[PDB]
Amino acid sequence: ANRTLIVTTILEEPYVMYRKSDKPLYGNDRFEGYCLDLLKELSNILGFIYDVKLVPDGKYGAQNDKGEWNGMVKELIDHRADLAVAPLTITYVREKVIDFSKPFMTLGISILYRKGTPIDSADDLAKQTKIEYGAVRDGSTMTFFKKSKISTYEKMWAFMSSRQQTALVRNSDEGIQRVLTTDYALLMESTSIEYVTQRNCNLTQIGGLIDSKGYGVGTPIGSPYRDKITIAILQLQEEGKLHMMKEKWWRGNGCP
């Protein structure tokens, strides 16, 4: 039989979440979400079973000072996993080191905060000094700021980096808790903002999207699966299945 593919992923609502049960769940049955439905579809089309493994360091992946990678990206580079199926942002810097599928969902960076301020844009946010801000550490949002040559965003990076110990959070939940309980705004992908702001009516998006990109399935460079995964994603896109999956996991219940 075809070797069971190792899938690296990360907990992130509503892409990958622990299933709630009153009885024991083992292996892949512990997980549900958009990316799990995507895996069920892709695996049917390509003819494999898989083993879902949460990335040990709990990171999406960025480079350090020395150019060493971490997170899911490192798992692919080091051939620890066959596929990364997660909301993994397709970027120039990553595409040089792994082979991404074509995108299955689009997004852009925006701002998550509480309601009631006159802050209306990243320009406003960088200018004012009342509210701090940051991003999840070692993801594409952090890296976007780190690499930007746009003045406002260069300033924002310098700020995040200066108070990194503090401004950069471990994961979305730490970020969201910081937004709810302190004067802090989170730079966050629009897909995730849409999800949270329809569930917690104290939260809102600030401004529009500051970039435009997509999520893809990651594979190691040279992977014999990447092109087949791309073909399967296009099939699912054309058949309307990706749209249906988004509606399934983003639906309910609502805020004004």
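Superpose the two forms; the largest set of C-alphas matching within 1.5 Å is the rigid core. The numbering used is simple: start at 1 and walk along the sequence shown.
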Task: Stretch farther from the shown model on average in 8 other deposited structures of this protein, with CA RMS computed after core superposition (35-43, 198-206) - done: 198-206
Task: Between 94-102 and 156-164, larger RMS Cα displacement in 8 other deposited structures of this protein after core fit - done: 156-164
TODO: Return whichever of 3-11 and 247-255 has the greater mean Cα B factor according to the PDB record.
DONE: 247-255
TODO: May I ask you to compare 179-187 and 163-171 by their mean CA B factor in the entry and name the higher one?
DONE: 163-171
- [ ] Using the entry's values, work out which of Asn70, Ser212, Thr230, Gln198 has the largest Cα B factor.
- [x] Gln198
TODO: Using the entry's values, work out which of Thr219, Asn44, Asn64, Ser192 has the largest Cα B factor.
DONE: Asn64
TODO: Within this chain's modelled residues, let me know which third the CA B factor of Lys146 belongs to: lowest, middle or highest.
DONE: middle
TODO: Sorting the chain's modelled residues by C-alpha B-factor, tell me whether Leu242 ends up in the lowest, middle or highest third.
DONE: middle
- [ ] Pull the Cα B-factor of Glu132 out of the PDB entry and bin it into the chain's lowest, middle or highest third.
- [x] highest
TODO: Classify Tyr60 as lowest, middle or highest third according to the C-alpha B-factor given in the PDB entry, relative to its own chain.
DONE: lowest
- [ ] Comparing against every modelled residue in the chain, figure out the third that the C-alpha B-factor of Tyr26 lands in (lowest, middle or highest).
- [x] highest
